Each structure stands twice: as structure tokens, then as C-alpha cells.
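If you're matching positions, the sequence shown starts at 16 in the authors' numbering and goes up one per residue. All C-beta atoms, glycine included, are put in the ideal place defined by N, C-alpha and C.
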Amino acid sequence: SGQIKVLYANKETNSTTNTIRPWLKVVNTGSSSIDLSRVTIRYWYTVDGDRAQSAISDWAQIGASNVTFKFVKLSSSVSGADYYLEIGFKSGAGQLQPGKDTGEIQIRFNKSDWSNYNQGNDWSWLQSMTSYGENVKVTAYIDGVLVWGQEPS
Ligand SMILES: [Ca+2]
């Protein structure tokens, strides 16, 4: 079936920033292996003045090229989100075995005019978790089914 945890490291402590930096990791905590292509992660936030947006992995243990990004503007705003960044994995990311993790996934994202975000009104931001921990407001899915975290209400 599939059991996972997502770990999170905030690499931008300034609330005001042109670059959100939610580093991530997927841990397979169940008993079967999981194809990482089946896994999606969502970082829910408020855009703070809508613009084109770009997300980049500068480096990932599984190979940055294997990380996919999709910005989704939410149909309706919810508490601390009008967008999410959906992080996914190509076949090249491969399989996560029981008890193992992806290792580090670096992520940054910015608006195309480098205008500032405010991270303080972001559902998924955890300012102080600057090393890898459990940020339950970054949610994760297997085949589109929520398996980790709390989506914004
Ligand atoms: Ca915001």
C-alpha cells in the first residue's frame, strides 16, 4: 500500500524574502517499497502578489533533474494558502525501500520579478525548523491520496 513521512528544512528564516527555500526529504516508513514517481508533496503558501513563479532544485541526492515542480493556484483561498508547490519525482528517482529516505532535496522558488514573499502567512512555513524535522503542514500523497500531513482547512 504505502506509508511515508516527509521531512522539512527551512533554509530561509527571513519572513520577507524573494526566495522560499523548503528543503525536503521523503522517508518510506512502511513495509513495501514505493516508486517515488507515485509520491507527490505539496508546499501550501500565499503568493503575496501573484506572478509567474519558478522552482529549482540546485541539488538533490536522487539527482535534481529527477525532481518535478508544479505551481497550482488554488481555486479558493484557504487558511495560509492560495497556492501550492507540488513536488513530484520522475521514474529516474526510482524506488524508496522500507526504512530508507530520498536524502536531501533542495528546493528554492521565487517570483519572476523577484518581488518579495511574506512567509509568515504561509500554511507550510516553519520558520524555526531549519534542520530536517516533521513539518506536518507540508503534505504528501501516494497516487494522489493524502498519506502524510494536514492540508489547510
Ligand atoms: Ca506568503
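In angstroms, rounded to a whole number, what distance separates the CA positions of residue i and residue j?
i           : j           : result
residue 49  : residue 106 : 12 Å
residue 139 : residue 17  : 23 Å
residue 73  : residue 123 : 8 Å
residue 55  : residue 157 : 7 Å
residue 128 : residue 46  : 45 Å
residue 118 : residue 59  : 22 Å
residue 102 : residue 57  : 6 Å
residue 76  : residue 120 : 7 Å
residue 43  : residue 108 : 14 Å
residue 141 : residue 25  : 7 Å
residue 86  : residue 164 : 19 Å
residue 67  : residue 100 : 13 Å
residue 144 : residue 23  : 7 Å
residue 114 : residue 20  : 11 Å
residue 53  : residue 104 : 8 Å
Using a Cβ-based criterion (distance less than 7 Å to any ligand heavy atom), does residue i qualify as near ligand 1?
i           : result
residue 63  : yes
residue 134 : yes
residue 60  : yes
residue 158 : no
residue 137 : yes
Assuming residue i and residue j are in contact, meaning their beta carbons sit under 8 Å apart, how far apart are those beta carbons, in whole angstroms?
i           : j           : result
residue 150 : residue 33  : 22 Å between Cβ atoms; not a contact.
residue 51  : residue 110 : 7 Å
residue 64  : residue 146 : The Cβ separation is near 30 Å, so there is no contact.
residue 61  : residue 137 : 6 Å
residue 93  : residue 167 : 4 Å
Which of the three DSSP states is assigned to residue i in this structure?
i           : result
residue 107 : helix
residue 78  : coil
residue 148 : strand
Using a Cβ-based criterion (distance less than 7 Å to any ligand heavy atom), does residue i qualify as near ligand 2?
i           : result
residue 128 : Ligand 2 is absent from the structure shown, which contains only ligand 1.
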